[PDB]
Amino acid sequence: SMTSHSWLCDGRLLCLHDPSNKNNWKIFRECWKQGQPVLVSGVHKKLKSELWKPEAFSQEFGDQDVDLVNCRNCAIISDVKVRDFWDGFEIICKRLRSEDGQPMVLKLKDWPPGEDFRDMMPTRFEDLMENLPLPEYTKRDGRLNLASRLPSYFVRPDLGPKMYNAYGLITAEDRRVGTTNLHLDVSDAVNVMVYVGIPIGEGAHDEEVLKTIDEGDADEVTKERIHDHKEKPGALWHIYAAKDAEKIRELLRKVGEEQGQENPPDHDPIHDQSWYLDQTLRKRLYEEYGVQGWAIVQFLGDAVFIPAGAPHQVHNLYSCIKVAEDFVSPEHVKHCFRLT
């Protein structure tokens, strides 16, 4: 039967089923006040699916100049064309190659650039903003979004949305690599998975994806969405409570020293955005510091609500198009205050 919600992460993560149900706030606000992330499924079914395809972005914007990032080594590929990225998104035989002759795992950097999403893509902007879940929180002028209402003593988010466009990580070696390394945001955000690209050429990559989710610490109920409903899994997330950020900095300072980095005792390894917590580091965080996180698999049309100040990292399983909007909930306004 249709139900309003379910639980993942063994009861620790709310999953809302109907993105446009007018009663979602009643369930949402109890979990959000405790500092938890929230998942809302089904947003894809509300969107104009032809607007969110890799071939459309290539056809409409392909001549723009851009930089890419190599996800395996963080190297910058400078001053190429937006089509170089998009035409390799699903066809592996069209990707830019590293020195070693392998097809690269790439991310499209700062595109559309800065606050230009609305100007460059007005039909996409309208399609996203009118279908975001929890609209009193997430719309630019929602009654519970303080973004437009705060003085200069509070850090205000830039005008969004922002896109996250990157290929899937492929190999056993790639299992320890981040798409986006561990960091935090001083505003709340909602990140929507609008397209998942399962490639061809090296098409039959199904079993490394299962071992990644398993070793990623995904819960048994999450393993059922793949095997039973055949939904398309996009990306593996780890999210940590805002209250645990300093313990994570203590672990990463100690590992930095062990690996002979030479760092002032006060340096900020989360702000540096240089670390990905692999299975070894996640086990050490739990055993040595008493810190548990949320392992989340984001499928096509899942919206991930990320609390202000919560450290988070993202590992793409397949090629993903994600779009995110920042907001400032009253529950979390402390995280953007500039004093004490």
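Throughout, rigid core stands for the largest set of C-alpha atoms superposing within 1.5 Å between the two forms. Note that residue numbering begins at 1 and tracks the sequence as displayed.
- After superposition on the rigid core, the larger root-mean-square Cα deviation in 9 other deposited structures of this protein belongs to 222 to 230, not to the other of 181 to 189 and 222 to 230.
- In this crystal structure, the stretch out of 250 to 258 and 222 to 230 whose C-alpha atoms carry the higher mean B factor is 222 to 230.
- The mean Cα B-factor in the deposited entry runs higher for 277 to 285 than for the other of 37 to 45 and 277 to 285.
- Between the residues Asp10, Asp18, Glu331, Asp326, it is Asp10 that shows the highest Cα B-factor in the PDB record.
- Within the selection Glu99, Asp87, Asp244, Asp185, the deposited Cα B-factor values reach their highest point at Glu99.
- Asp141: CA B factor in the highest third of modelled residues in this chain (values from the PDB entry).
- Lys107: CA B factor in the middle third of modelled residues in this chain (values from the PDB entry).
- When the CA B factors of the chain's modelled residues are split into thirds, the value for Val177 lands in the middle one.
- When all modelled residues of the chain are sorted by CA temperature factor, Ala235 is found within the lowest third.
- Per-chain ranking of the deposited C-alpha B factor places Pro133 in the lowest third.
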